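What follows is a short report on a single structure.
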Amino acid sequence: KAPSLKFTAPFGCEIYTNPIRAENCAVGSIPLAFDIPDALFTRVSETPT
Amino acid sequence: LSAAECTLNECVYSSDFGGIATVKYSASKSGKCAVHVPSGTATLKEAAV
């Protein structure tokens, strides 16, 4: 039956069951979008200069 | 007053007092100064320092 996807999957994916999933596949990039409210931006004088 | 230099360590042109100016001074003696800007460029929160 040949080696399973634990040993043949590209990008070094780890193959797990229940649920059937792949983990730590080093392919692609995740685009992150942050929305920070204006309250979190403090003044320059408060932080060290 | 003598040997005074003004530095704008922070400025945002907001409606309120969104700017801080630090002046290095070597005065003859302690006292009270009527700090003022004759021009209309800036409005001072403090009329005396």
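Those sequence lines, one after another, are chains A and G. Going from the first sequence to the entry's author numbering is simple: count from 1 and add 246. Going from the second sequence to the entry's author numbering is simple: count from 1 and add 295. A virtual CB, placed ideally from N, CA and C, is assigned to each residue, including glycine.
Can the beta-carbon of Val318 of chain G be found less than 9 angstroms from the beta-carbon of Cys301 of chain G?
Indexing the second sequence from 1 puts residue 318 of chain G at position 23. Indexing the second sequence from 1 puts residue 301 of chain G at position 6. Yes, the pair counts as a contact, with Cβ atoms nearer than the cut-off.
Quick one: Cα of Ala299 of chain G to Cα of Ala322 of chain G, how far?
Mapped onto the second sequence, residue 299 of chain G falls at position 4. Mapped onto the second sequence, residue 322 of chain G falls at position 27. Roughly 9 angstroms between the two C-alpha positions.
Boundaries (first-last residue) of the beta strand (DSSP E) holding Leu339 of chain G:
As a first step, residue 339 of chain G must be located in the second sequence, where it is residue number 44. Looking at the DSSP string, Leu339 of chain G is not in any beta strand (DSSP E), and its letter there is neither H nor E.
Would you kindly check if the distance between the Cβ of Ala337 of chain G and the Cβ of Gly314 of chain G is under 9 angstroms?
The count along the second sequence starts at 1 and reaches residue 314 of chain G at position 19. The count along the second sequence starts at 1 and reaches residue 337 of chain G at position 42. Inclusion of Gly314 of chain G and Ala337 of chain G in the CB contact set at 9 angstroms is warranted, their separation being smaller than that value.
Nearest-angstrom Cα distance between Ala272 of chain A and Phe280 of chain A?
Looking up residue 272 of chain A in the first sequence gives position 26. Looking up residue 280 of chain A in the first sequence gives position 34. For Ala272 of chain A and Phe280 of chain A, the distance between alpha carbons rounds to 23 angstroms.
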